[PDB]
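Novice: As input, take final23.tsv (TSV, C-alpha atoms and all ligand atoms):
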chain	number	residue	atom	x	y	z
A	2	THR	CA	27.54	-59.67	39.25
A	3	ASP	CA	24.47	-58.97	41.53
A	4	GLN	CA	26.06	-57.72	44.85
A	5	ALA	CA	25.11	-57.18	48.59
A	6	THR	CA	27.02	-54.12	50.10
A	7	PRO	CA	28.17	-53.14	53.76
A	8	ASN	CA	26.76	-49.63	54.77
A	9	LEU	CA	29.27	-48.03	57.24
A	10	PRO	CA	29.75	-44.66	59.31
A	11	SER	CA	31.92	-41.58	58.25
A	12	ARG	CA	32.21	-38.37	60.48
A	13	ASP	CA	34.31	-36.15	58.01
A	14	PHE	CA	34.70	-37.41	54.32
A	15	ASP	CA	38.47	-36.61	53.55
A	16	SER	CA	39.29	-37.85	57.19
A	17	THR	CA	37.67	-41.41	56.63
A	18	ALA	CA	38.61	-41.69	52.81
A	19	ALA	CA	42.45	-40.91	53.13
A	20	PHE	CA	42.93	-43.94	55.57
A	21	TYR	CA	41.15	-46.38	53.07
A	22	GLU	CA	42.77	-44.95	49.78
A	23	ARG	CA	46.27	-45.73	51.37
A	24	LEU	CA	44.84	-49.37	51.66
A	25	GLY	CA	43.90	-49.42	47.82
A	26	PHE	CA	40.16	-48.32	48.24
A	27	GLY	CA	39.75	-45.52	45.58
A	28	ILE	CA	37.03	-42.77	45.64
A	29	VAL	CA	34.70	-43.99	42.73
A	30	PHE	CA	31.61	-41.87	43.88
A	31	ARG	CA	31.37	-38.84	46.32
A	32	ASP	CA	28.44	-36.32	46.88
A	33	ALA	CA	27.72	-35.11	50.53
A	34	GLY	CA	25.47	-37.86	52.17
A	35	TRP	CA	27.17	-41.03	50.62
A	36	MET	CA	30.85	-42.07	49.73
A	37	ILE	CA	31.77	-45.41	47.90
A	38	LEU	CA	35.44	-46.54	48.64
A	39	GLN	CA	36.36	-49.51	46.28
A	40	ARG	CA	39.62	-51.68	45.96
A	41	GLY	CA	39.01	-53.62	42.63
A	42	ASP	CA	36.53	-56.33	43.77
A	43	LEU	CA	36.05	-54.92	47.44
A	44	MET	CA	33.09	-52.33	47.65
A	45	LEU	CA	32.65	-50.33	51.00
A	46	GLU	CA	29.67	-47.80	51.19
A	47	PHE	CA	30.39	-45.01	53.82
A	48	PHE	CA	27.35	-42.76	54.80
A	49	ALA	CA	27.70	-39.28	56.52
A	50	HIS	CA	27.29	-39.89	60.35
A	51	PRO	CA	28.89	-36.98	62.55
A	52	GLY	CA	26.68	-37.96	65.64
A	53	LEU	CA	28.79	-41.13	66.35
A	54	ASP	CA	30.51	-42.47	69.53
A	55	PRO	CA	33.44	-44.89	68.30
A	56	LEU	CA	32.98	-47.07	71.52
A	57	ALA	CA	29.16	-47.64	70.82
A	58	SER	CA	29.74	-48.17	66.95
A	59	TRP	CA	27.97	-51.55	66.07
A	60	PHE	CA	29.18	-51.70	62.36
A	61	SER	CA	31.18	-54.84	61.16
A	62	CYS	CA	32.01	-56.17	57.58
A	63	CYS	CA	34.32	-59.09	56.36
A	64	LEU	CA	37.07	-58.62	53.62
A	65	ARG	CA	37.21	-62.16	51.95
A	66	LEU	CA	40.79	-62.07	50.41
A	67	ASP	CA	42.45	-65.00	48.32
A	68	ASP	CA	45.80	-64.27	50.42
A	69	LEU	CA	45.66	-62.70	53.99
A	70	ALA	CA	49.53	-61.98	54.25
A	71	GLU	CA	49.47	-59.21	51.43
A	72	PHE	CA	46.70	-56.94	53.03
A	73	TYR	CA	47.99	-57.41	56.72
A	74	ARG	CA	51.65	-56.54	55.61
A	75	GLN	CA	50.07	-53.54	53.62
A	76	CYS	CA	48.40	-52.22	56.93
A	77	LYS	CA	51.75	-52.46	58.98
A	78	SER	CA	53.87	-50.87	56.06
A	79	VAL	CA	51.48	-47.87	55.05
A	80	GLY	CA	51.09	-46.70	58.78
A	81	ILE	CA	48.49	-48.52	61.03
A	82	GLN	CA	49.65	-49.66	64.58
A	83	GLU	CA	49.14	-53.23	66.07
A	84	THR	CA	47.64	-52.31	69.54
A	85	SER	CA	45.12	-53.53	72.25
A	86	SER	CA	44.18	-49.83	73.18
A	87	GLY	CA	43.67	-47.37	70.20
A	88	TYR	CA	41.67	-46.32	67.07
A	89	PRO	CA	42.86	-46.92	64.28
A	90	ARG	CA	44.12	-50.45	65.37
A	91	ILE	CA	44.99	-53.97	63.85
A	92	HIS	CA	45.12	-57.58	65.38
A	93	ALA	CA	47.03	-60.62	63.90
A	94	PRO	CA	45.95	-63.92	61.92
A	95	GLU	CA	44.74	-66.55	64.58
A	96	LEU	CA	43.17	-70.13	65.18
A	97	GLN	CA	39.80	-70.40	67.12
A	98	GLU	CA	36.61	-72.81	66.26
A	99	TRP	CA	35.62	-73.93	62.47
A	100	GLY	CA	38.40	-74.66	59.62
A	101	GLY	CA	41.35	-72.08	58.79
A	102	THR	CA	42.46	-68.41	59.91
A	103	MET	CA	41.17	-64.72	60.58
A	104	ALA	CA	42.62	-61.17	61.50
A	105	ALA	CA	41.13	-57.63	62.45
A	106	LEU	CA	41.12	-53.89	61.26
A	107	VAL	CA	39.58	-50.75	63.03
A	108	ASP	CA	39.52	-47.20	61.41
A	109	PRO	CA	39.27	-43.49	62.88
A	110	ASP	CA	35.35	-43.82	63.02
A	111	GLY	CA	35.09	-47.28	64.82
A	112	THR	CA	34.34	-49.74	61.91
A	113	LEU	CA	35.17	-53.49	62.58
A	114	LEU	CA	36.70	-55.04	59.35
A	115	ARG	CA	37.11	-58.90	59.74
A	116	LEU	CA	40.06	-60.07	57.47
A	117	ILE	CA	40.05	-63.66	55.86
A	118	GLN	CA	41.96	-66.08	53.34
A	119	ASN	CA	39.76	-67.50	50.37
A	120	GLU	CA	38.29	-71.10	50.67
A	121	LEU	CA	41.31	-71.54	51.99
A	122	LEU	CA	39.22	-68.78	54.09
A	123	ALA	CA	37.77	-71.24	56.62
A	124	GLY	CA	38.38	-68.92	59.63
A	125	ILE	CA	38.16	-70.87	62.95
A	126	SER	CA	35.55	-68.88	65.38
B	2	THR	CA	36.10	-63.31	43.53
B	3	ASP	CA	37.41	-61.23	46.53
B	4	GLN	CA	34.33	-59.70	48.35
B	5	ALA	CA	33.28	-57.16	51.09
B	6	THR	CA	30.26	-58.55	53.13
B	7	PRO	CA	27.34	-56.95	55.28
B	8	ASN	CA	27.35	-58.36	58.92
B	9	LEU	CA	23.70	-58.27	60.21
B	10	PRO	CA	21.59	-59.23	63.46
B	11	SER	CA	19.58	-62.53	64.03
B	12	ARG	CA	17.59	-63.22	67.34
B	13	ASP	CA	16.48	-66.91	66.57
B	14	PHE	CA	18.16	-68.72	63.52
B	15	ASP	CA	15.13	-70.62	61.89
B	16	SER	CA	12.97	-67.40	62.59
B	17	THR	CA	15.38	-65.03	60.56
B	18	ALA	CA	16.44	-67.71	57.87
B	19	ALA	CA	12.84	-68.84	56.78
B	20	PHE	CA	11.94	-65.16	55.73
B	21	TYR	CA	15.16	-64.88	53.52
B	22	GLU	CA	15.02	-68.50	51.98
B	23	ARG	CA	11.46	-67.59	50.61
B	24	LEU	CA	13.34	-64.61	48.90
B	25	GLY	CA	16.01	-66.98	47.21
B	26	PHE	CA	18.74	-66.67	50.00
B	27	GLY	CA	19.67	-70.36	50.77
B	28	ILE	CA	21.40	-71.62	54.00
B	29	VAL	CA	25.04	-72.22	52.67
B	30	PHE	CA	26.71	-72.24	56.22
B	31	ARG	CA	25.08	-72.61	59.75
B	32	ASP	CA	26.73	-73.37	63.21
B	33	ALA	CA	25.41	-71.46	66.37
B	34	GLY	CA	27.21	-67.98	66.41
B	35	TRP	CA	27.13	-67.24	62.57
B	36	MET	CA	24.61	-67.93	59.64
B	37	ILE	CA	25.40	-67.12	55.89
B	38	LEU	CA	22.18	-66.63	53.74
B	39	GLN	CA	23.19	-66.40	49.97
B	40	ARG	CA	21.17	-65.93	46.64
B	41	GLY	CA	24.04	-66.95	44.19
B	42	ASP	CA	26.41	-63.90	44.40
B	43	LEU	CA	24.19	-61.96	47.04
B	44	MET	CA	25.96	-62.91	50.41
B	45	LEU	CA	24.22	-61.79	53.74
B	46	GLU	CA	26.15	-62.72	57.00
B	47	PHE	CA	23.66	-62.98	59.99
B	48	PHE	CA	25.35	-63.18	63.50
B	49	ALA	CA	23.51	-64.43	66.71
B	50	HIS	CA	22.20	-61.23	68.52
B	51	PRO	CA	19.17	-62.01	70.98
B	52	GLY	CA	19.82	-58.71	72.99
B	53	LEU	CA	18.36	-56.51	70.16
B	54	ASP	CA	15.67	-53.73	70.12
B	55	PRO	CA	14.26	-53.58	66.39
B	56	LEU	CA	13.60	-49.74	66.81
B	57	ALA	CA	17.33	-49.02	67.83
B	58	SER	CA	18.76	-51.49	65.11
B	59	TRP	CA	21.42	-49.43	63.11
B	60	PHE	CA	22.16	-52.18	60.44
B	61	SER	CA	21.67	-51.26	56.67
B	62	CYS	CA	22.95	-53.06	53.46
B	63	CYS	CA	22.18	-52.38	49.69
B	64	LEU	CA	21.02	-55.18	47.25
B	65	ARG	CA	22.43	-53.85	43.86
B	66	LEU	CA	19.99	-55.33	41.24
B	67	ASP	CA	20.36	-54.73	37.38
B	68	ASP	CA	16.38	-55.07	37.28
B	69	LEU	CA	14.44	-53.93	40.48
B	70	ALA	CA	10.91	-55.20	39.23
B	71	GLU	CA	11.55	-59.06	39.79
B	72	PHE	CA	12.69	-58.88	43.53
B	73	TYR	CA	9.94	-56.27	44.58
B	74	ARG	CA	7.15	-58.42	42.83
B	75	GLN	CA	8.77	-61.51	44.62
B	76	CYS	CA	8.37	-59.74	48.11
B	77	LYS	CA	4.59	-58.86	47.47
B	78	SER	CA	3.80	-62.44	46.03
B	79	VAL	CA	5.69	-64.68	48.70
B	80	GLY	CA	4.01	-62.79	51.70
B	81	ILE	CA	5.56	-59.42	52.87
B	82	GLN	CA	3.14	-56.41	53.43
B	83	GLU	CA	3.63	-52.82	51.98
B	84	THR	CA	3.10	-50.69	55.20
B	85	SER	CA	4.24	-47.43	56.98
B	86	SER	CA	3.83	-49.09	60.50
B	87	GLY	CA	5.14	-52.74	60.88
B	88	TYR	CA	8.09	-55.23	60.87
B	89	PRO	CA	8.51	-57.05	58.41
B	90	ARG	CA	7.66	-54.13	55.95
B	91	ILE	CA	8.36	-53.01	52.27
B	92	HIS	CA	8.27	-49.50	50.52
B	93	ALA	CA	7.89	-48.97	46.69
B	94	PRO	CA	10.53	-48.11	43.84
B	95	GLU	CA	10.71	-44.23	44.10
B	96	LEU	CA	12.90	-41.87	41.86
B	97	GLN	CA	16.19	-40.70	43.52
B	98	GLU	CA	18.40	-37.47	43.62
B	99	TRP	CA	21.67	-39.26	42.57
B	100	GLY	CA	20.98	-41.84	39.71
B	101	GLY	CA	17.87	-44.10	39.27
B	102	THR	CA	15.42	-45.66	41.84
B	103	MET	CA	15.54	-47.36	45.37
B	104	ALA	CA	12.90	-49.48	47.30
B	105	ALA	CA	12.99	-50.67	51.04
B	106	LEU	CA	12.94	-54.17	52.78
B	107	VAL	CA	12.74	-54.58	56.66
B	108	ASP	CA	12.78	-58.14	58.25
B	109	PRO	CA	11.52	-59.59	61.74
B	110	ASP	CA	14.87	-58.42	63.42
B	111	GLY	CA	14.98	-54.74	62.08
B	112	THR	CA	17.54	-54.95	59.17
B	113	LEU	CA	17.31	-52.08	56.54
B	114	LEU	CA	17.87	-53.66	53.02
B	115	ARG	CA	18.16	-50.76	50.44
B	116	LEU	CA	16.95	-52.23	47.04
B	117	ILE	CA	18.88	-50.28	44.24
B	118	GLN	CA	18.17	-50.24	40.43
B	119	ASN	CA	21.77	-49.94	38.94
B	120	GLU	CA	22.68	-47.09	36.45
B	121	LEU	CA	25.06	-46.31	33.40
B	122	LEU	CA	28.40	-46.61	35.42
B	123	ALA	CA	27.79	-50.34	36.38
B	124	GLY	CA	31.28	-50.88	37.99
B	125	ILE	CA	31.22	-54.68	38.61
B	126	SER	CA	33.55	-55.39	41.61
C	201	CU	CU	33.94	-57.33	69.22
C	202	CU	CU	16.09	-44.57	57.93
Will you turn the file into structure tokens for me?

Specialist:
Amino acid sequence: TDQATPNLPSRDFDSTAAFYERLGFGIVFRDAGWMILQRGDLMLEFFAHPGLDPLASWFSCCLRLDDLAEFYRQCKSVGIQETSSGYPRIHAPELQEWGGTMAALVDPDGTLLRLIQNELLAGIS
Amino acid sequence: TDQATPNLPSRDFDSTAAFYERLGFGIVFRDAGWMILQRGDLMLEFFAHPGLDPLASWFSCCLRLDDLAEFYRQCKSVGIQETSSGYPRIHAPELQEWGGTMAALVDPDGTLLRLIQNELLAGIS
């Protein structure tokens, strides 16, 4: 499978990786500039960026999941709070403007993960 | 297939899309806020961003190709110049301190597409 990857920010490498490996994303490659965190079919490529403000962090990527209730119940049960103010933070599955439903995930760095439900997905905006 | 996607900037929608549909990435979805440009398995999600400087554009994504010679010969033959100063621009397949070889692709917006030749641990997600 020929594949297009999201390239995302990490300030310290054990600090960013331990949040994602609780959510199933295992450490398949690690050097010092680049870190690939991968849950089965879901590849996330995290580059070393210690000069980062989490408020100015323009880095989003969608997780296109065949159920959305498994991975959102996983986030609440492992230890990630549902909150308007905070980082890390999560927001619930909603209805909006195209065909089905979407939710949200933010990490310790400021990375905007958009969570969906597969075709089935159709994610009203 | 469950899949993690790169979310990328587009100023005008026919202006960004016509560059990528020359490179095989057909218009599978289009509304007004979001535009999905996809070469088979290679999904690129382009959101509407007209307040963009191309010099300050921090948006990279890797195309993981099992041959790199087809898609770099495609860029030179369809009409994309190999140049140090310019946008759109391309840079050649150079040898890398990690595995194999990586070339560059920049569009009219300022989107950094990292063109990888894949190695012996080909972990298909
Ligand atoms: Cu936002
Ligand atoms: Cu650079």

Novice: By least-squares superposition of chain B on chain A, using all C-alpha atoms in order, what RMSD in Å to one decimal is obtained?

Specialist: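 It is 3.1 Å.
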
Novice: Could you give me, as a PyMOL selection string, the residues that sit within 9 Å of (12.5, -57.6, 58.6) in the file's coordinates, counting only C-alpha atoms?

Specialist: chain B and resi 17+20+55+88-91+106-114

Novice: Box for segment 55-60 of chain B: with edges along x, y and z, all listed atoms inside and 8 Å added on each side, what are the centre and edge lengths in Å to one decimal, as JSON?

Specialist:
{"center_x": 17.9, "center_y": -51.3, "center_z": 64.1, "size_x": 24.6, "size_y": 20.6, "size_z": 23.4}

Novice: Record the distance separating atom CA of residue 70 of chain A and atom CA of residue 3 of chain B, expressed in Å with one decimal.

Specialist: 14.4 Å

Novice: Set the cut-off to 10 Å, count only C-alpha atoms and all ligand atoms, and list whatever residues fall near ligand CU 202 (chain C) as number ranges by chain.

Specialist: B: 59, 61, 105, 113, 115

Novice: With C-alpha atoms kept, could you save the residues just selected as a PDB file, in the frame of the given file?

Specialist:
ATOM      1  CA  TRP B  59      21.420 -49.430  63.110  1.00  0.00           C
ATOM      2  CA  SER B  61      21.670 -51.260  56.670  1.00  0.00           C
ATOM      3  CA  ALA B 105      12.990 -50.670  51.040  1.00  0.00           C
ATOM      4  CA  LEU B 113      17.310 -52.080  56.540  1.00  0.00           C
ATOM      5  CA  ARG B 115      18.160 -50.760  50.440  1.00  0.00           C
TER       6      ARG B 115
END

Novice: Could you tell me, as a count of residues only, which residues have any atom at most 9 Å from (38.8, -55.3, 44.6), counting all atoms listed in the file?

Specialist: 13

Novice: Could you pull the residues within 9 Å of residue 51 of chain B, counting only C-alpha atoms, minus those fewer than 5 positions along the same chain, as a list in words?

Specialist: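 So the residues in contact are residues 10, 11, 12 and 13 of chain B.
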
Novice: Considering all atoms listed in the file, return as JSON, numbers by chain whatever protein or nucleic-acid residues lie within 6 Å of residue 7 of chain B, sequence-local ones (same chain, fewer than 5 positions apart) excluded.

Specialist: {"A": [6, 7, 62], "B": [45]}

Novice: May I ask which of the residues B:116, B:48, B:94, B:78 is the closest one to ligand CU 201 (chain C), counting only C-alpha atoms and all ligand atoms?

Specialist: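 Using only C-alpha atoms and all ligand atoms, ligand CU 201 (chain C) sits closest to B:48.
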
Novice: Atoms are missing here; could segment 81-110 of chain A be completed with N, CA and C atoms and written as a JSON list (two decimals), in the coordinates of the input?

Specialist:
[["chain", "number", "residue", "atom", "x", "y", "z"],
["A", 81, "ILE", "N", 49.64, -48.16, 60.14],
["A", 81, "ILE", "CA", 48.49, -48.52, 61.03],
["A", 81, "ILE", "C", 49.08, -49.42, 62.17],
["A", 82, "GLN", "N", 48.99, -48.98, 63.43],
["A", 82, "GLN", "CA", 49.65, -49.66, 64.58],
["A", 82, "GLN", "C", 48.90, -50.92, 65.14],
["A", 83, "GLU", "N", 49.66, -52.00, 65.41],
["A", 83, "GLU", "CA", 49.14, -53.23, 66.07],
["A", 83, "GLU", "C", 49.07, -53.03, 67.63],
["A", 84, "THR", "N", 47.85, -52.81, 68.15],
["A", 84, "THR", "CA", 47.64, -52.31, 69.54],
["A", 84, "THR", "C", 46.31, -52.84, 70.17],
["A", 85, "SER", "N", 46.35, -53.29, 71.43],
["A", 85, "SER", "CA", 45.12, -53.53, 72.25],
["A", 85, "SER", "C", 44.25, -52.26, 72.59],
["A", 86, "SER", "N", 44.87, -51.14, 73.02],
["A", 86, "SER", "CA", 44.18, -49.83, 73.18],
["A", 86, "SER", "C", 44.52, -48.86, 72.00],
["A", 87, "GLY", "N", 43.49, -48.34, 71.32],
["A", 87, "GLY", "CA", 43.67, -47.37, 70.20],
["A", 87, "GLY", "C", 42.57, -47.41, 69.11],
["A", 88, "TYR", "N", 42.44, -46.32, 68.35],
["A", 88, "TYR", "CA", 41.67, -46.32, 67.07],
["A", 88, "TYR", "C", 42.28, -45.24, 66.09],
["A", 89, "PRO", "N", 42.87, -45.56, 64.90],
["A", 89, "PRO", "CA", 42.86, -46.92, 64.28],
["A", 89, "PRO", "C", 43.79, -48.01, 64.92],
["A", 90, "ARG", "N", 43.37, -49.28, 64.82],
["A", 90, "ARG", "CA", 44.12, -50.45, 65.37],
["A", 90, "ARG", "C", 44.02, -51.73, 64.47],
["A", 91, "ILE", "N", 45.01, -52.64, 64.56],
["A", 91, "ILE", "CA", 44.99, -53.97, 63.85],
["A", 91, "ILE", "C", 45.35, -55.14, 64.83],
["A", 92, "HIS", "N", 44.79, -56.35, 64.59],
["A", 92, "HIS", "CA", 45.12, -57.58, 65.38],
["A", 92, "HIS", "C", 45.42, -58.80, 64.44],
["A", 93, "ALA", "N", 46.37, -59.66, 64.82],
["A", 93, "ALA", "CA", 47.03, -60.62, 63.90],
["A", 93, "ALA", "C", 46.22, -61.89, 63.40],
["A", 94, "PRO", "N", 46.64, -62.65, 62.33],
["A", 94, "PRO", "CA", 45.95, -63.92, 61.92],
["A", 94, "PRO", "C", 45.99, -65.14, 62.91],
["A", 95, "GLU", "N", 44.83, -65.56, 63.45],
["A", 95, "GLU", "CA", 44.74, -66.55, 64.58],
["A", 95, "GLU", "C", 43.93, -67.88, 64.27],
["A", 96, "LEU", "N", 43.88, -68.81, 65.26],
["A", 96, "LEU", "CA", 43.17, -70.13, 65.18],
["A", 96, "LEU", "C", 42.24, -70.37, 66.46],
["A", 97, "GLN", "N", 41.00, -70.88, 66.30],
["A", 97, "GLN", "CA", 39.80, -70.40, 67.12],
["A", 97, "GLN", "C", 38.57, -71.45, 67.30],
["A", 98, "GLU", "N", 37.54, -71.60, 66.40],
["A", 98, "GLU", "CA", 36.61, -72.81, 66.26],
["A", 98, "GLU", "C", 35.70, -73.16, 64.96],
["A", 99, "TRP", "N", 36.21, -73.22, 63.69],
["A", 99, "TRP", "CA", 35.62, -73.93, 62.47],
["A", 99, "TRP", "C", 36.75, -74.60, 61.56],
["A", 100, "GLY", "N", 37.39, -73.96, 60.52],
["A", 100, "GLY", "CA", 38.40, -74.66, 59.62],
["A", 100, "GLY", "C", 39.82, -74.07, 59.22],
["A", 101, "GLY", "N", 40.01, -72.75, 59.02],
["A", 101, "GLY", "CA", 41.35, -72.08, 58.79],
["A", 101, "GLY", "C", 41.68, -70.79, 59.64],
["A", 102, "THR", "N", 41.96, -69.59, 59.09],
["A", 102, "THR", "CA", 42.46, -68.41, 59.91],
["A", 102, "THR", "C", 41.75, -67.01, 59.68],
["A", 103, "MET", "N", 41.76, -66.10, 60.69],
["A", 103, "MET", "CA", 41.17, -64.72, 60.58],
["A", 103, "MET", "C", 41.99, -63.61, 61.36],
["A", 104, "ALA", "N", 42.05, -62.38, 60.81],
["A", 104, "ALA", "CA", 42.62, -61.17, 61.50],
["A", 104, "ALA", "C", 41.60, -59.96, 61.63],
["A", 105, "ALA", "N", 42.03, -58.81, 62.20],
["A", 105, "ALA", "CA", 41.13, -57.63, 62.45],
["A", 105, "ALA", "C", 41.70, -56.23, 61.98],
["A", 106, "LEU", "N", 40.79, -55.30, 61.61],
["A", 106, "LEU", "CA", 41.12, -53.89, 61.26],
["A", 106, "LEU", "C", 40.04, -52.90, 61.83],
["A", 107, "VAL", "N", 40.46, -51.87, 62.57],
["A", 107, "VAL", "CA", 39.58, -50.75, 63.03],
["A", 107, "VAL", "C", 40.12, -49.39, 62.46],
["A", 108, "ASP", "N", 39.20, -48.53, 62.00],
["A", 108, "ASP", "CA", 39.52, -47.20, 61.41],
["A", 108, "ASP", "C", 39.44, -45.97, 62.42],
["A", 109, "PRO", "N", 39.62, -44.67, 62.02],
["A", 109, "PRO", "CA", 39.27, -43.49, 62.88],
["A", 109, "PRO", "C", 37.79, -43.32, 63.38],
["A", 110, "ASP", "N", 36.79, -43.79, 62.62],
["A", 110, "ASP", "CA", 35.35, -43.82, 63.02],
["A", 110, "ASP", "C", 34.96, -44.90, 64.09]]
